[PDB]
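Just one chain follows, in the form deposited in one PDB entry, and it is written as structure tokens.
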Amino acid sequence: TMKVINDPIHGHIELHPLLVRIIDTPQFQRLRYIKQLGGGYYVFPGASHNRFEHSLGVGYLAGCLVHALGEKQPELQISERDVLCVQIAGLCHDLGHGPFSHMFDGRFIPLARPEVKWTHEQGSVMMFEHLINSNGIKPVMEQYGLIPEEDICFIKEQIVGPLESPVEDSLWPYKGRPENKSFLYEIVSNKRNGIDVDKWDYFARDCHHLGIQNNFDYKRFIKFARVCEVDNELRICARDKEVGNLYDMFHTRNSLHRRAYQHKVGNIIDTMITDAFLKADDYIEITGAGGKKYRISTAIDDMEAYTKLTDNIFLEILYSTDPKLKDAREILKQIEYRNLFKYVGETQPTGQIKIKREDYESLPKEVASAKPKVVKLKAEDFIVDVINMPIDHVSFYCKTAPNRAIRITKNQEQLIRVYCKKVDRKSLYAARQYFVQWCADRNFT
């Protein structure tokens, strides 16, 4: 058979029934109610896109890029099973994300359970394993040509990376897929070369749903790629006559990152929503496997509970009558009545990074908030927003050149902000005083 899904950004995205069966399942539709770009919802009016369009675009792009590379280089005779595994990994382009999208593994789960080491690529891999084990797809994976012993290892390594921690520079620590298909591990999720379909898809989707000028045209980049050996190792490389397209892509990436993903009021609302969701973690719970009340913070330990972790929790604070949920609803109401936290002051740290994960960030900030730097009163619960998170690409090899044409490498960490809302004018003066104190205190920022 053959299914096809219409998406506005990548047009017609064609899928095969294994990919659909993984896709059209309860543990992916949860994404339909978690916005990919969360904190702009009350800042950028049009940025209401959900994870569905982002995942669809990533799947379409990965399929096109792996189908072009193999018709324009039919010397290795790759197998459909590998592409299916890569597509499964790609459909986890943002899968692990929970409420408020990237916040869940960005600023929610690490902030609430500081001792827990969890990342959303590993979470996506585990959720995919749960989907396989619950939805009964493995027998039909072996029926329709996939071997879990090697295909599952390949897909898991594509999704997460090096599963183990072997320390050997002159070795390939990836036994999931044989090196005769090494280039296949730079198509769906690559963090070193930077040629990944995810960035393309989410740049195009964010531009389409925000009305910003996106010039990049991935069709030419996909259509002009071949596998070439660079330095005793094989990498997928594009042609010389595309460097302007990738410059446009990089400028689109930077424009999207600096307009939205670090917006002032966007980050302020992100911080307020994240704090309100976090502070109610234990007493507004969902039930997982075995009926255990494994709360939102602890829901990372089980996938059955982790399924029901969506943006609804936000609303579940806004429309709740319980006395314990009072504070959350109150704060949300102050968000609705335009009593937002107005923000003033910014810095960037140069002294390596913080010691703790996020706990000590607030306490030192509150401490340094007060100082005798020449209004009245004083406070301690004032916010501290810490955001942590020229194409440097050498995959320009030419197909005609067997192992050359690198074009001489194409020729050539945290932002902290404050917010004071004591009074109409008193808050501005207090914010200036605190900005002075914190600046003189933030490790000589």
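Only the largest set of C-alpha atoms that superpose within 1.5 Å between the two forms is called the rigid core. Numbers follow the displayed sequence, beginning with 1.
- In all of the other compared structures of this protein with flanking residues present, residue 66 is modelled, so it falls below the one-third mark for missing coordinates.
- Of the other entries compared for this protein that flank it with modelled residues, all give atoms for residue 49, so not even a third lack it.
- Coordinates are given for every residue of the deposited sequence from residue 167 through residue 168, so that no gap is recorded there.
- Deposited sequence between residue 403 and residue 404: no residues lack coordinates (chain continuous).
The next section is about a form of this same protein that is not shown, the form deposited in another entry.
- Just one of the listed positions, 197, 273, 238, 159, moves its Cα by at least 2 Å between the shown form and the other one when the rigid core is held fixed, and it is 238.
- The rigid-core alignment places the CA of residue 247 2 Å or more apart between the shown form and the other one.
- For residue 290, a C-alpha deviation below 2 angstroms is recorded between the shown form and the other one after rigid-core alignment.
- Core-superposed comparison between the shown form and the other one: the CA of residue 310 stays below a 2 Å shift.
- Compared with the form shown here, the Cα atoms of residue 360 and residue 267 sit 3 Å or more closer together in that other deposited form.
- Distance between the C-alpha atoms of residue 353 and residue 159: longer by at least 3 Å in that other deposited form than in the displayed form.
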